């Protein structure tokens, strides 16, 4: 991280061109605030992370990595940073107006239909299978992108996915780069973090999307036993809005042996086909009715 460089000439942004706003989050390090940036791109709304020695290098490493990784439609885009003397360290990214996916889906539980048929009006701004499968496809693409760069997210979960304009989802992170319900067995017991751990987490996110924002492991005390059972083979039951192939994808992601889990590249191709098959069917449903 400290080895990666920082082209200040390309990213540095003036602190007095930012009008801080309302808090979008809080942690033990500092916070993420919404704000107006003038001329970062005119005035645009953005999200700012700001601040201990250990935490400062962590925020700088996040900045350092986002620059190294580059741009991908499904990963929060970096717009700039305030690193030169005069004020606190701030990392600036695109503002995702609609919030975290979990909270969004919980809100659309009464606005869901598997697919639409005329009069398509009864379903104005409704969620469908096409939507749910698409959010999964996109998160998988962003993870393929991150995994290709040897990047381990470590906290993949619905609360860390944000909904943008025109159903575009973006992988993000409110913290500074225990959440047991998203942690793989080897991460809980061996404290190891791998791309394969992230694949497990992707499965839980999957469950969250097709349960429409429900919390994982419904009605279960997260304790020693919970963990012992995860290690012994116990898995969540299919969520209310899942399709058979999707639940089986969840199960492949939850494989006990990390090596036997699909890679994000396989998940992209697989999810991609399901979305294609769903599209096919919706066409026929729309046509017959």
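What we label the rigid core is the largest C-alpha set whose atoms superpose within 1.5 Å from one form to the other. Residue numbers count along the first chain shown, from 1.
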property: Stretch with larger C-alpha RMS deviation in 4 other deposited structures of this protein, core superposed, 202-210 versus 188-196; result: 188-196
property: RMS Cα shift after core superposition in 4 other deposited structures of this protein, winner of 257-265 and 31-39; result: 31-39
property: Residue 177 unmodelled in at least a third of other compared entries; result: yes
property: Unresolved deposited residues lying between neighbours residue 177 and residue 178; result: 10 or more
property: Between neighbours residue 42 and residue 41, residues that the deposited sequence lists but the model omits; result: 1 to 3
property: Mean Cα B-factor comparison, 228-236 or 58-66, giving the higher one as deposited; result: 228-236
property: Stretch exceeding the other in mean C-alpha B-factor - 99-107, 160-168; result: 160-168
property: Residue of maximum C-alpha B factor among 20, 279, 268, 24, per deposited coordinates; result: 24
property: Per the PDB entry, maximal CA B factor within 126, 210, 182, 135; result: 126
property: Position of residue 73 among the chain's modelled residues by C-alpha B-factor, lowest, middle or highest third; result: middle
property: Third assignment of residue 202 from its chain's C-alpha B-factors; result: lowest
property: Lowest, middle or highest third - CA B-factor, residue 284; result: middle
property: Cα B factor band for residue 131 (lowest, middle or highest third within the chain); result: lowest
property: Position of residue 191 among the chain's modelled residues by C-alpha B-factor, lowest, middle or highest third; result: highest
